[PDB]
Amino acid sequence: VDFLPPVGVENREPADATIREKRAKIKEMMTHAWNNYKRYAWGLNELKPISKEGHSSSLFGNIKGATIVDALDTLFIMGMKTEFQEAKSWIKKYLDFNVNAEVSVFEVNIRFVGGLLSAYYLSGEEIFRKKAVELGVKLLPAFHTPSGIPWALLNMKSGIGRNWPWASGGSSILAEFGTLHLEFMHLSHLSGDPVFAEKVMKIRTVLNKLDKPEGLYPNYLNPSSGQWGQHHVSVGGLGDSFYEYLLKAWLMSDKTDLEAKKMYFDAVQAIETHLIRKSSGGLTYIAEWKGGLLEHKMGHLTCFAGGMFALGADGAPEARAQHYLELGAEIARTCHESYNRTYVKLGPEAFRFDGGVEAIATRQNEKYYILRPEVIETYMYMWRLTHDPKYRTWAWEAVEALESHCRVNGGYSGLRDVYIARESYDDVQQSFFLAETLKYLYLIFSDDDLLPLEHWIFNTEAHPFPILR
């Protein structure tokens, strides 16, 4: 009910000079992304760094300031105190949730609810707690369906929701409704109202009543009927953070959510048996599965699973702890190869395992890189759980690639084709570059006890939450 000073936020300079200098560079990258956001797009959701103006994704409806809220905890942990205060003052005056238009429930939960929650737990500023709970209340009508599986889209003023127009069968998407759990548990903790926890616990009850085809989770679930939609399974986009939040719910509960633990380890065993394959060149990858038929392609989004597997190792029964650490390392290696086999040295959105080269994209519309964090995210977990220096080496390769190819005068831009020398800027500075990509890089080159994993569970937008006991 009452704020306690956060554990593990004391930020010490690393003892090795090269590590200090590398981390200082990452802070300089955040200063570049933030200062240009403020110069050209202050109060708008994202920055267009080439056009030097705002970018307003329809995922956020009429809410403002996504980059401000997403950046709060990164600014705080990097010691950017003046910037943190300037963000806080904007939030107090201008962050407004009583607006028309539809928002993505998933996106607003992971970025706005999550970003405000972390800012509160780090700083103790009650405005963040007040705003997080206000937004949580506004999201409750998304769960007003026969099954309790929430709508994808919600008009927060009218409380009326619907699913994505082109969603397969009108279904709700597994990663979207499956990635509410951590935030809603903290909303119940801080508000004292059990309504929030009950909403996400009901999602569990629905899932556990269903037969899982081959132990796998389809990415589509119909909220009107509570039955599966199309039997498309992926540990990348549309599925991934559901699995992530099974593991993290167990950890964030101080390992008391035994249902989450069983769901997670059952799910990962089925993923290993049905989805995980080895290429002829010896690379481990996680394929997509459509009604039983594997497609031997892996996504940049799927690369988060390396860190997920490793993070789940200590809880697993031995000798599967070492098995999960080694599986996480093999995913990390494959994702590093997908990075290293491009021209720019940042990996494509999806990469295939057929000749003539492995771990490369061939489809033109899959060669892009939109500043995504998942490979660096996996490097961070592997570094913290193994301290193998190659994870810092691989992280620094990504830093140099970002600086050579994504840094522009007006911020950071994504790329359309990581396989060509000529620049191909998409002119969007994604807010998750500041929330996630730069935060995980900064943590990689920090000591282990800055946001130590023993006490902090990262939400899927890299917003750290304390363990609930």
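The first residue of the shown sequence is 1; numbering continues from there.
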- Task: For the higher mean C-alpha B factor in the entry, choose 218 to 226 or 330 to 338.
- Result: 330 to 338
- Task: Between 152 to 160 and 173 to 181, name whichever shows the higher mean Cα B factor according to the PDB entry.
- Result: 152 to 160
- Out of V69, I26, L44, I444, residue topping the C-alpha B-factor column of the entry: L44
- Max C-alpha B-factor within the set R111, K209, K131, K212 falls on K209
- So where's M30 on the chain's Cα temperature factor ranking, which third? middle
- In terms of its chain's C-alpha B-factors, the third that includes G291 is the middle
- Message: What third of the chain does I457 rank in for C-alpha temperature factor, lowest, middle or highest?
- Response: lowest
- Item | For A101, the third of its chain into which the C-alpha B factor falls | highest
- Task: Give the position of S188 by CA B-factor within its chain, expressed as the lowest, middle or highest third.
- Result: lowest
